[PDB]
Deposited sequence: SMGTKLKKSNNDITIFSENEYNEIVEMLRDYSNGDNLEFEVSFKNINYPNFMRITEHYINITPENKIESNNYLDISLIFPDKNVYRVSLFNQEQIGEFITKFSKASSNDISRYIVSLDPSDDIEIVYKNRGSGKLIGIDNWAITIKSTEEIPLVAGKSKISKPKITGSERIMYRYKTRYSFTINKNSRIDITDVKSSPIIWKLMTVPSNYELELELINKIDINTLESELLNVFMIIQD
């Protein structure tokens, strides 16, 4: 047992709201270092079939607006990441945000616009987050893009994500992150290690408890 009486009940109300929308469900794991990262990657590589593993290297450009919502583009092509780093390393933030918004979604360009719940578990290093994430897919209709006042905040994140699909409803995401507010020496910046259990489809809280207990056996 991981959740208390009052945490359990509140997670059940987030699970129902998740299936009722572009709203996502993510259980974020705190205090992940390099030995943790590599131990999760090794363990999941052994038990997860090759057709359920997804290896990706990319750059996450996040524009943060005054009302705190994020516009995030994910550039998957290394050629495009390199062309970005060289053309904008000396440019203004207004020039960079106007370009990031100008991009149309390709297979190599993945766009998502957030619109704003958070629960932190007491004695466990986890945090349940539920945020409305609107993807602009381009094979379906795209929603209205946000207004650029010029006072936006940009956060660049070079990521090396390993996506392990466990069941038909859940997905483990262990990522090697290099966060920086500017573009220079980004790929030289020390690495942050992040672990997340993402739900692709809605599930029972007891099934969530089990899947979290599995991950905790490897971390500890």
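Within the chain's deposited sequence, the coordinate-free stretches run 1-13, 34, 131-133, 238 in sequence order.
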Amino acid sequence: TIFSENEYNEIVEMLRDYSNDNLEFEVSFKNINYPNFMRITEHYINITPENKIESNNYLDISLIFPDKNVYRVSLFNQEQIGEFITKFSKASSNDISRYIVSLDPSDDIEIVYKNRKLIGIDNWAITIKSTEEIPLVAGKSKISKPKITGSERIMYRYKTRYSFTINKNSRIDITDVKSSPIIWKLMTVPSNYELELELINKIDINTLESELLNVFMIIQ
From here on, numbers count along this sequence of modelled residues.
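Averaged over Cα atoms, the B-factor as recorded in the entry is higher for 133-141 than for the other of 133-141 and 94-102. The PDB entry assigns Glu152 a C-alpha temperature factor belonging to the middle third of its chain's modelled residues.
Residue-level temperature factors show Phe37 in the lowest third of its chain, judged at the C-alpha atom. When all modelled residues of the chain are sorted by CA temperature factor, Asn123 is found within the highest third. In this PDB entry, the Cα temperature factor of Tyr71 sits in the bottom third of its chain's modelled residues, the lowest group. The entry lists a Cα temperature factor for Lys52 that places it in the highest third of the chain's modelled residues.
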